[PDB]
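Chemist: My structure file target-v4.tsv, TSV, N, CA and C atoms, is below:
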```tsv
chain	number	residue	atom	x	y	z
V	1	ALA	N	-58.85	-40.34	117.04
V	1	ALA	CA	-57.95	-39.25	117.33
V	1	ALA	C	-57.56	-38.49	116.06
V	2	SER	N	-57.07	-37.28	116.26
V	2	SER	CA	-56.48	-36.52	115.16
V	2	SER	C	-55.09	-37.07	114.86
V	3	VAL	N	-54.60	-36.78	113.65
V	3	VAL	CA	-53.36	-37.38	113.16
V	3	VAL	C	-52.15	-36.98	114.02
V	4	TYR	N	-52.06	-35.70	114.43
V	4	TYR	CA	-50.90	-35.25	115.20
V	4	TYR	C	-50.84	-35.95	116.55
V	5	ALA	N	-51.97	-36.03	117.25
V	5	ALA	CA	-52.08	-36.81	118.47
V	5	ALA	C	-52.56	-38.22	118.12
V	6	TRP	N	-51.71	-38.94	117.38
V	6	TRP	CA	-52.05	-40.31	117.00
V	6	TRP	C	-52.15	-41.18	118.25
V	7	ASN	N	-53.31	-41.79	118.43
V	7	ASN	CA	-53.61	-42.56	119.63
V	7	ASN	C	-53.09	-43.98	119.47
V	8	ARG	N	-52.39	-44.46	120.49
V	8	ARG	CA	-51.80	-45.78	120.48
V	8	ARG	C	-52.42	-46.64	121.56
V	9	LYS	N	-52.82	-47.85	121.20
V	9	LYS	CA	-53.32	-48.84	122.13
V	9	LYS	C	-52.43	-50.07	122.03
V	10	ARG	N	-52.20	-50.73	123.15
V	10	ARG	CA	-51.40	-51.95	123.18
V	10	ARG	C	-52.32	-53.15	123.32
V	11	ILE	N	-52.28	-54.04	122.32
V	11	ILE	CA	-53.02	-55.29	122.35
V	11	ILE	C	-52.09	-56.33	122.99
V	12	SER	N	-52.36	-56.68	124.25
V	12	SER	CA	-51.50	-57.60	124.99
V	12	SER	C	-52.33	-58.69	125.67
V	13	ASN	N	-51.73	-59.88	125.75
V	13	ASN	CA	-52.23	-61.06	126.48
V	13	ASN	C	-53.69	-61.38	126.18
V	14	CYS	N	-53.95	-61.65	124.90
V	14	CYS	CA	-55.29	-62.02	124.45
V	14	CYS	C	-55.20	-62.78	123.13
V	15	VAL	N	-56.19	-63.64	122.90
V	15	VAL	CA	-56.27	-64.41	121.66
V	15	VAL	C	-56.80	-63.52	120.53
V	16	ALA	N	-55.90	-63.16	119.61
V	16	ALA	CA	-56.26	-62.25	118.53
V	16	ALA	C	-57.24	-62.88	117.55
V	17	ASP	N	-58.00	-62.02	116.89
V	17	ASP	CA	-58.93	-62.43	115.84
V	17	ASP	C	-58.74	-61.48	114.66
V	18	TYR	N	-58.05	-61.95	113.63
V	18	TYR	CA	-57.79	-61.15	112.45
V	18	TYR	C	-58.69	-61.51	111.29
V	19	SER	N	-59.28	-62.72	111.33
V	19	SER	CA	-60.15	-63.20	110.27
V	19	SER	C	-61.34	-62.27	110.04
V	20	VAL	N	-61.93	-61.73	111.12
V	20	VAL	CA	-63.10	-60.87	111.01
V	20	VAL	C	-62.77	-59.58	110.27
V	21	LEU	N	-61.55	-59.08	110.43
V	21	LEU	CA	-61.11	-57.87	109.75
V	21	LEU	C	-61.01	-58.12	108.25
V	22	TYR	N	-60.27	-59.17	107.86
V	22	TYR	CA	-60.11	-59.54	106.46
V	22	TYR	C	-61.45	-59.79	105.78
V	23	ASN	N	-62.29	-60.65	106.39
V	23	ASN	CA	-63.56	-61.03	105.77
V	23	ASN	C	-64.61	-59.92	105.81
V	24	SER	N	-64.42	-58.91	106.67
V	24	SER	CA	-65.35	-57.78	106.71
V	24	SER	C	-65.47	-57.09	105.35
V	25	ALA	N	-64.33	-56.89	104.67
V	25	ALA	CA	-64.20	-56.29	103.34
V	25	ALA	C	-64.79	-54.89	103.21
V	26	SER	N	-65.16	-54.24	104.32
V	26	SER	CA	-65.62	-52.86	104.28
V	26	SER	C	-64.48	-51.87	104.38
V	27	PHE	N	-63.30	-52.33	104.80
V	27	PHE	CA	-62.12	-51.49	104.93
V	27	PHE	C	-61.44	-51.39	103.58
V	28	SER	N	-61.66	-50.26	102.88
V	28	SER	CA	-61.16	-50.00	101.52
V	28	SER	C	-59.70	-50.40	101.33
V	29	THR	N	-58.81	-49.75	102.07
V	29	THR	CA	-57.39	-50.08	102.04
V	29	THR	C	-57.11	-51.32	102.88
V	30	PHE	N	-56.57	-52.37	102.25
V	30	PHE	CA	-56.13	-53.59	102.94
V	30	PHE	C	-54.67	-53.87	102.59
V	31	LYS	N	-53.79	-52.93	102.88
V	31	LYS	CA	-52.38	-53.09	102.53
V	31	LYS	C	-51.63	-53.56	103.76
V	32	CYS	N	-51.05	-54.75	103.67
V	32	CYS	CA	-50.33	-55.37	104.77
V	32	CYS	C	-48.89	-55.60	104.34
V	33	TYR	N	-47.95	-55.17	105.17
V	33	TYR	CA	-46.53	-55.29	104.88
V	33	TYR	C	-45.91	-56.26	105.88
V	34	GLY	N	-44.91	-57.02	105.42
V	34	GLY	CA	-44.34	-58.04	106.27
V	34	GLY	C	-45.25	-59.25	106.35
V	35	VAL	N	-46.30	-59.14	107.15
V	35	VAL	CA	-47.34	-60.16	107.20
V	35	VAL	C	-48.24	-60.01	105.98
V	36	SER	N	-48.76	-61.14	105.47
V	36	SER	CA	-49.56	-60.96	104.27
V	36	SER	C	-51.04	-60.85	104.61
V	37	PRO	N	-51.82	-60.09	103.82
V	37	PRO	CA	-53.26	-60.03	104.08
V	37	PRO	C	-54.02	-61.28	103.65
V	38	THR	N	-53.39	-62.19	102.91
V	38	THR	CA	-54.08	-63.38	102.39
V	38	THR	C	-54.04	-64.53	103.40
V	39	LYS	N	-54.83	-64.34	104.47
V	39	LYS	CA	-55.06	-65.31	105.55
V	39	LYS	C	-53.77	-65.94	106.08
V	40	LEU	N	-52.83	-65.08	106.47
V	40	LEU	CA	-51.61	-65.53	107.12
V	40	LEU	C	-51.34	-64.81	108.43
V	41	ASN	N	-52.14	-63.79	108.77
V	41	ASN	CA	-51.96	-63.02	109.98
V	41	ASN	C	-52.35	-63.81	111.23
V	42	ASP	N	-52.97	-64.98	111.06
V	42	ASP	CA	-53.33	-65.87	112.17
V	42	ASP	C	-52.06	-66.52	112.72
V	43	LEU	N	-51.30	-65.74	113.48
V	43	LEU	CA	-50.03	-66.18	114.06
V	43	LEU	C	-49.98	-65.64	115.49
V	44	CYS	N	-48.78	-65.62	116.08
V	44	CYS	CA	-48.60	-65.13	117.44
V	44	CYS	C	-47.54	-64.05	117.46
V	45	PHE	N	-47.80	-63.01	118.24
V	45	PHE	CA	-46.93	-61.84	118.29
V	45	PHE	C	-46.69	-61.49	119.75
V	46	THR	N	-45.49	-61.00	120.06
V	46	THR	CA	-45.26	-60.56	121.43
V	46	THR	C	-45.94	-59.23	121.74
V	47	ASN	N	-46.13	-58.37	120.74
V	47	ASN	CA	-46.67	-57.05	121.01
V	47	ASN	C	-47.35	-56.55	119.74
V	48	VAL	N	-48.60	-56.13	119.88
V	48	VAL	CA	-49.35	-55.50	118.81
V	48	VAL	C	-49.65	-54.06	119.21
V	49	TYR	N	-49.20	-53.12	118.40
V	49	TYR	CA	-49.47	-51.70	118.57
V	49	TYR	C	-50.49	-51.27	117.53
V	50	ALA	N	-51.59	-50.71	118.01
V	50	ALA	CA	-52.67	-50.24	117.16
V	50	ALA	C	-52.66	-48.72	117.22
T	1	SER	N	2.64	-78.51	120.80
T	1	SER	CA	2.61	-77.85	119.49
T	1	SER	C	3.65	-78.40	118.52
T	2	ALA	N	4.01	-79.67	118.68
T	2	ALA	CA	4.93	-80.32	117.76
T	2	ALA	C	4.24	-80.81	116.50
T	3	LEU	N	2.91	-80.77	116.47
T	3	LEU	CA	2.14	-81.19	115.31
T	3	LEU	C	1.32	-80.02	114.80
T	4	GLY	N	1.97	-78.85	114.66
T	4	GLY	CA	1.27	-77.63	114.32
T	4	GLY	C	0.60	-77.65	112.96
T	5	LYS	N	1.18	-78.39	112.00
T	5	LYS	CA	0.64	-78.41	110.64
T	5	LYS	C	-0.71	-79.12	110.58
T	6	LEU	N	-0.81	-80.31	111.19
T	6	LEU	CA	-2.07	-81.05	111.19
T	6	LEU	C	-3.15	-80.29	111.94
T	7	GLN	N	-2.78	-79.71	113.09
T	7	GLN	CA	-3.71	-78.91	113.87
T	7	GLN	C	-4.17	-77.70	113.09
T	8	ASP	N	-3.26	-77.07	112.34
T	8	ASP	CA	-3.62	-75.92	111.53
T	8	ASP	C	-4.59	-76.31	110.42
T	9	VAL	N	-4.37	-77.47	109.79
T	9	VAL	CA	-5.26	-77.94	108.73
T	9	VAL	C	-6.66	-78.20	109.28
T	10	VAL	N	-6.73	-78.87	110.44
T	10	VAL	CA	-8.01	-79.16	111.09
T	10	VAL	C	-8.71	-77.87	111.49
T	11	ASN	N	-7.95	-76.91	112.03
T	11	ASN	CA	-8.51	-75.63	112.45
T	11	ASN	C	-9.05	-74.83	111.26
T	12	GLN	N	-8.33	-74.83	110.13
T	12	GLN	CA	-8.81	-74.13	108.94
T	12	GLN	C	-10.09	-74.75	108.41
T	13	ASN	N	-10.14	-76.09	108.35
T	13	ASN	CA	-11.36	-76.76	107.89
T	13	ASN	C	-12.54	-76.47	108.82
T	14	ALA	N	-12.31	-76.54	110.14
T	14	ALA	CA	-13.36	-76.26	111.10
T	14	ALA	C	-13.82	-74.81	111.02
T	15	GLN	N	-12.87	-73.88	110.82
T	15	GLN	CA	-13.21	-72.47	110.69
T	15	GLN	C	-14.04	-72.21	109.45
T	16	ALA	N	-13.68	-72.84	108.32
T	16	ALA	CA	-14.45	-72.69	107.09
T	16	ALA	C	-15.86	-73.25	107.25
T	17	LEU	N	-15.98	-74.44	107.85
T	17	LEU	CA	-17.28	-75.05	108.07
T	17	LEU	C	-18.14	-74.21	109.01
T	18	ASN	N	-17.54	-73.69	110.09
T	18	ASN	CA	-18.26	-72.86	111.04
T	18	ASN	C	-18.68	-71.55	110.40
T	19	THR	N	-17.84	-71.00	109.52
T	19	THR	CA	-18.19	-69.78	108.81
T	19	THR	C	-19.38	-70.01	107.89
T	20	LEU	N	-19.41	-71.15	107.20
T	20	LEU	CA	-20.56	-71.51	106.37
T	20	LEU	C	-21.82	-71.67	107.21
T	21	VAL	N	-21.69	-72.31	108.38
T	21	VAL	CA	-22.81	-72.52	109.29
T	21	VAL	C	-23.35	-71.19	109.79
T	22	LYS	N	-22.45	-70.27	110.14
T	22	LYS	CA	-22.85	-68.93	110.56
T	22	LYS	C	-23.52	-68.17	109.43
T	23	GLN	N	-22.99	-68.29	108.20
T	23	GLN	CA	-23.55	-67.60	107.05
T	23	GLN	C	-24.92	-68.13	106.66
T	24	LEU	N	-25.26	-69.36	107.09
T	24	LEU	CA	-26.61	-69.89	106.89
T	24	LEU	C	-27.69	-69.00	107.52
T	25	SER	N	-27.35	-68.22	108.54
T	25	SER	CA	-28.32	-67.42	109.27
T	25	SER	C	-28.09	-65.93	109.05
T	26	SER	N	-27.80	-65.55	107.81
T	26	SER	CA	-27.63	-64.16	107.43
T	26	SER	C	-28.88	-63.71	106.69
T	27	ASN	N	-29.25	-62.45	106.90
T	27	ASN	CA	-30.46	-61.91	106.28
T	27	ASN	C	-30.36	-61.85	104.77
T	28	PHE	N	-29.18	-61.45	104.25
T	28	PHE	CA	-28.92	-61.26	102.81
T	28	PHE	C	-29.92	-60.28	102.19
T	29	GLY	N	-30.30	-59.27	102.96
T	29	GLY	CA	-31.25	-58.28	102.51
T	29	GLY	C	-32.70	-58.68	102.66
T	30	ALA	N	-32.98	-59.89	103.13
T	30	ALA	CA	-34.35	-60.33	103.31
T	30	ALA	C	-34.90	-59.88	104.66
T	31	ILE	N	-36.21	-60.07	104.84
T	31	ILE	CA	-36.87	-59.69	106.08
T	31	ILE	C	-36.51	-60.60	107.24
T	32	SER	N	-36.05	-61.82	106.98
T	32	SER	CA	-35.67	-62.72	108.06
T	32	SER	C	-34.70	-63.75	107.51
T	33	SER	N	-33.87	-64.29	108.40
T	33	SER	CA	-32.92	-65.34	108.06
T	33	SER	C	-33.51	-66.73	108.23
T	34	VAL	N	-34.74	-66.83	108.73
T	34	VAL	CA	-35.42	-68.10	108.91
T	34	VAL	C	-36.39	-68.25	107.75
T	35	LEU	N	-36.19	-69.31	106.96
T	35	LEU	CA	-37.04	-69.51	105.79
T	35	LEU	C	-38.47	-69.85	106.18
T	36	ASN	N	-38.63	-70.70	107.21
T	36	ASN	CA	-39.95	-71.14	107.65
T	36	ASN	C	-40.79	-69.98	108.14
T	37	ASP	N	-40.17	-69.03	108.85
T	37	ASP	CA	-40.88	-67.85	109.31
T	37	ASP	C	-41.38	-67.02	108.14
T	38	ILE	N	-40.56	-66.88	107.09
T	38	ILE	CA	-40.96	-66.15	105.89
T	38	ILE	C	-42.16	-66.82	105.22
T	39	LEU	N	-42.12	-68.15	105.12
T	39	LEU	CA	-43.20	-68.89	104.45
T	39	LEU	C	-44.51	-68.82	105.21
T	40	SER	N	-44.46	-68.84	106.54
T	40	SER	CA	-45.67	-68.81	107.35
T	40	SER	C	-46.18	-67.40	107.61
T	41	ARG	N	-45.54	-66.38	107.05
T	41	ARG	CA	-45.91	-65.00	107.30
T	41	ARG	C	-46.25	-64.21	106.04
T	42	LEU	N	-45.70	-64.58	104.90
T	42	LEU	CA	-45.71	-63.70	103.74
T	42	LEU	C	-46.35	-64.38	102.54
T	43	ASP	N	-46.98	-63.57	101.68
T	43	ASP	CA	-47.73	-64.08	100.54
T	43	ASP	C	-46.77	-64.64	99.50
T	44	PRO	N	-47.22	-65.59	98.66
T	44	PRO	CA	-46.30	-66.34	97.75
T	44	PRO	C	-45.45	-65.47	96.83
T	45	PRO	N	-45.94	-64.35	96.23
T	45	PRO	CA	-45.01	-63.54	95.41
T	45	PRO	C	-43.89	-62.90	96.22
T	46	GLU	N	-44.24	-62.18	97.29
T	46	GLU	CA	-43.20	-61.61	98.13
T	46	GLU	C	-42.40	-62.69	98.85
T	47	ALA	N	-43.05	-63.80	99.24
T	47	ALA	CA	-42.31	-64.91	99.84
T	47	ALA	C	-41.26	-65.44	98.89
T	48	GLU	N	-41.60	-65.58	97.61
T	48	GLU	CA	-40.63	-66.13	96.67
T	48	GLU	C	-39.55	-65.12	96.30
T	49	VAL	N	-39.83	-63.81	96.32
T	49	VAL	CA	-38.73	-62.87	96.06
T	49	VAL	C	-37.76	-62.85	97.25
```
Take the structure in the file and write it out as structure tokens.
Modeler:
Amino acid sequence: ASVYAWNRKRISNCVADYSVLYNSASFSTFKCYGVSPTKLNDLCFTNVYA
Amino acid sequence: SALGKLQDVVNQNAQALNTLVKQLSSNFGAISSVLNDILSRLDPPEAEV
């Protein structure tokens, strides 16, 4: 989507996989706030907004 | 209420202890008041600050 119409998806009721994102290393910017990018995102969340 | 002094002393001690217990769960400017949640979520430099 374009920036003004920022598209939002809700990640709900599924077993998340964050390891593949971290280990991919093709994503230039890997800045994580609150949760750390150093293999700690493997947790549980009530709601993920993408 | 004929023993108001002893009751007052006990109430003040209980109030101070309860206030300390309540203050245990204050953010103090941090992201969370639970230490374990901070440790299991955040990287060691930011976790330690």
Chemist: Could you give me, as a Markdown table, a per-residue list for chain V showing, wherever an atom lies at most 8 Å from an atom of chain T, the closest pair of atoms and their distance in Å to one decimal, using all atoms listed in the file and sorting by chain then residue number from low to high?
Modeler:
```
| residue | atom | partner | partner_atom | distance |
| --- | --- | --- | --- | --- |
| V:33 | C | T:42 | CA | 7.7 |
| V:34 | C | T:41 | C | 5.1 |
| V:35 | CA | T:41 | C | 4.4 |
| V:36 | N | T:41 | C | 4.0 |
| V:37 | N | T:43 | N | 6.3 |
| V:38 | N | T:43 | CA | 6.4 |
| V:39 | C | T:41 | C | 7.7 |
| V:40 | C | T:41 | CA | 5.5 |
| V:41 | N | T:41 | C | 6.5 |
| V:42 | C | T:40 | C | 7.8 |
| V:43 | CA | T:40 | C | 7.6 |
```
Chemist: Please report the interatomic distance between CA of residue 1 (chain V) and CA of residue 27 (chain V) in Å with one decimal.
Modeler: 17.9 Å
Chemist: Please, what distance in Å, to one decimal, runs between CA of residue 21 (chain V) and CA of residue 47 (chain V)?
Modeler: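 Result for CA of residue 21 (chain V) versus CA of residue 47 (chain V): 18.3 Å, one decimal.
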Chemist: Just the number, please: distance in Å from CA of residue 50 (chain V) to CA of residue 22 (chain V), one decimal.
Modeler: 16.0 Å
Chemist: Write out as an NGL selection string all residues of chain V that DSSP puts in helix (DSSP H, G or I) for this structure's backbone.
Modeler: :V and (19-24)
Chemist: Generate the output file for the selected residues, N, CA and C atoms, as a PDB file, in the coordinates of the input.
Modeler:
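Done, and the output landed in result.pdb:
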```pdb
ATOM      1  N   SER V  19     -59.280 -62.720 111.330  1.00  0.00           N
ATOM      2  CA  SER V  19     -60.150 -63.200 110.270  1.00  0.00           C
ATOM      3  C   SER V  19     -61.340 -62.270 110.040  1.00  0.00           C
ATOM      4  N   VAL V  20     -61.930 -61.730 111.120  1.00  0.00           N
ATOM      5  CA  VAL V  20     -63.100 -60.870 111.010  1.00  0.00           C
ATOM      6  C   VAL V  20     -62.770 -59.580 110.270  1.00  0.00           C
ATOM      7  N   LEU V  21     -61.550 -59.080 110.430  1.00  0.00           N
ATOM      8  CA  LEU V  21     -61.110 -57.870 109.750  1.00  0.00           C
ATOM      9  C   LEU V  21     -61.010 -58.120 108.250  1.00  0.00           C
ATOM     10  N   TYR V  22     -60.270 -59.170 107.860  1.00  0.00           N
ATOM     11  CA  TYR V  22     -60.110 -59.540 106.460  1.00  0.00           C
ATOM     12  C   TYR V  22     -61.450 -59.790 105.780  1.00  0.00           C
ATOM     13  N   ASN V  23     -62.290 -60.650 106.390  1.00  0.00           N
ATOM     14  CA  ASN V  23     -63.560 -61.030 105.770  1.00  0.00           C
ATOM     15  C   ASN V  23     -64.610 -59.920 105.810  1.00  0.00           C
ATOM     16  N   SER V  24     -64.420 -58.910 106.670  1.00  0.00           N
ATOM     17  CA  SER V  24     -65.350 -57.780 106.710  1.00  0.00           C
ATOM     18  C   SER V  24     -65.470 -57.090 105.350  1.00  0.00           C
TER      19      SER V  24
END
```
Chemist: Calculated over only C-alpha atoms, which of the candidates V:13, V:29, V:19, V:24 has the smallest distance to residue 46 (chain V)?
Modeler: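 That would be V:13, the residue with the smallest distance to residue 46 (chain V).
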Chemist: Only N, CA and C atoms, as a compact mmCIF listing (two decimals), in the first residue's frame: that is what I want for region 7-41 of chain T.
Modeler:
```txt
# COMPACT_ATOMS: atom_id res chain seq x y z
N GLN T 7 -4.59 0.24 68.40
CA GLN T 7 -5.20 0.05 67.09
C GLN T 7 -4.61 1.02 66.08
N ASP T 8 -4.37 2.27 66.50
CA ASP T 8 -3.77 3.26 65.62
C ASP T 8 -2.35 2.87 65.23
N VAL T 9 -1.57 2.35 66.19
CA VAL T 9 -0.20 1.92 65.91
C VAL T 9 -0.20 0.77 64.90
N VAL T 10 -1.08 -0.21 65.12
CA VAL T 10 -1.19 -1.36 64.21
C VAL T 10 -1.63 -0.90 62.83
N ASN T 11 -2.60 0.03 62.77
CA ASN T 11 -3.09 0.53 61.49
C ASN T 11 -2.02 1.30 60.74
N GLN T 12 -1.22 2.11 61.44
CA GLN T 12 -0.14 2.85 60.78
C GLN T 12 0.92 1.90 60.22
N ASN T 13 1.30 0.88 61.00
CA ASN T 13 2.27 -0.10 60.51
C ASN T 13 1.73 -0.86 59.30
N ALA T 14 0.47 -1.29 59.36
CA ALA T 14 -0.14 -2.00 58.25
C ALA T 14 -0.26 -1.11 57.02
N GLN T 15 -0.59 0.16 57.22
CA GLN T 15 -0.70 1.11 56.11
C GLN T 15 0.65 1.33 55.45
N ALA T 16 1.71 1.47 56.25
CA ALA T 16 3.06 1.64 55.70
C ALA T 16 3.50 0.41 54.93
N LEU T 17 3.26 -0.78 55.49
CA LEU T 17 3.63 -2.02 54.81
C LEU T 17 2.85 -2.19 53.51
N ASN T 18 1.55 -1.89 53.54
CA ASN T 18 0.71 -2.00 52.35
C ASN T 18 1.13 -0.99 51.29
N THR T 19 1.53 0.20 51.72
CA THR T 19 2.02 1.22 50.80
C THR T 19 3.30 0.76 50.11
N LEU T 20 4.21 0.14 50.88
CA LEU T 20 5.43 -0.43 50.29
C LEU T 20 5.10 -1.54 49.30
N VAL T 21 4.14 -2.40 49.66
CA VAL T 21 3.72 -3.50 48.80
C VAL T 21 3.13 -2.96 47.49
N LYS T 22 2.29 -1.92 47.59
CA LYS T 22 1.73 -1.28 46.41
C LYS T 22 2.81 -0.63 45.56
N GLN T 23 3.78 0.02 46.21
CA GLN T 23 4.87 0.69 45.49
C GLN T 23 5.79 -0.30 44.78
N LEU T 24 5.79 -1.57 45.21
CA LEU T 24 6.54 -2.61 44.51
C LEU T 24 6.11 -2.75 43.04
N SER T 25 4.88 -2.37 42.71
CA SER T 25 4.34 -2.55 41.37
C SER T 25 4.12 -1.22 40.67
N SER T 26 5.07 -0.31 40.81
CA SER T 26 5.04 0.98 40.15
C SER T 26 6.02 0.95 38.98
N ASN T 27 5.65 1.63 37.89
CA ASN T 27 6.49 1.62 36.70
C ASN T 27 7.83 2.30 36.93
N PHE T 28 7.83 3.43 37.66
CA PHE T 28 9.02 4.25 37.93
C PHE T 28 9.68 4.70 36.63
N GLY T 29 8.86 4.97 35.62
CA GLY T 29 9.35 5.39 34.33
C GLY T 29 9.78 4.26 33.42
N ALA T 30 9.72 3.02 33.88
CA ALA T 30 10.11 1.89 33.05
C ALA T 30 8.94 1.42 32.18
N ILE T 31 9.25 0.52 31.25
CA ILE T 31 8.23 -0.01 30.35
C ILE T 31 7.26 -0.96 31.04
N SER T 32 7.64 -1.54 32.18
CA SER T 32 6.74 -2.43 32.90
C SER T 32 7.16 -2.49 34.35
N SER T 33 6.20 -2.79 35.22
CA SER T 33 6.46 -2.95 36.64
C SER T 33 6.81 -4.38 37.01
N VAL T 34 6.78 -5.30 36.05
CA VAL T 34 7.13 -6.69 36.27
C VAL T 34 8.54 -6.89 35.75
N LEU T 35 9.45 -7.28 36.64
CA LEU T 35 10.84 -7.43 36.25
C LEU T 35 11.03 -8.60 35.29
N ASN T 36 10.33 -9.72 35.55
CA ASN T 36 10.46 -10.93 34.73
C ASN T 36 10.02 -10.68 33.30
N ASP T 37 8.94 -9.90 33.13
CA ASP T 37 8.47 -9.55 31.79
C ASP T 37 9.52 -8.74 31.04
N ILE T 38 10.19 -7.81 31.73
CA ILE T 38 11.25 -7.01 31.11
C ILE T 38 12.40 -7.90 30.67
N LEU T 39 12.80 -8.85 31.52
CA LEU T 39 13.93 -9.72 31.20
C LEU T 39 13.64 -10.66 30.04
N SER T 40 12.41 -11.15 29.93
CA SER T 40 12.06 -12.08 28.87
C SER T 40 11.65 -11.38 27.58
N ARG T 41 11.72 -10.06 27.52
CA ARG T 41 11.29 -9.30 26.36
C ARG T 41 12.37 -8.41 25.77
```
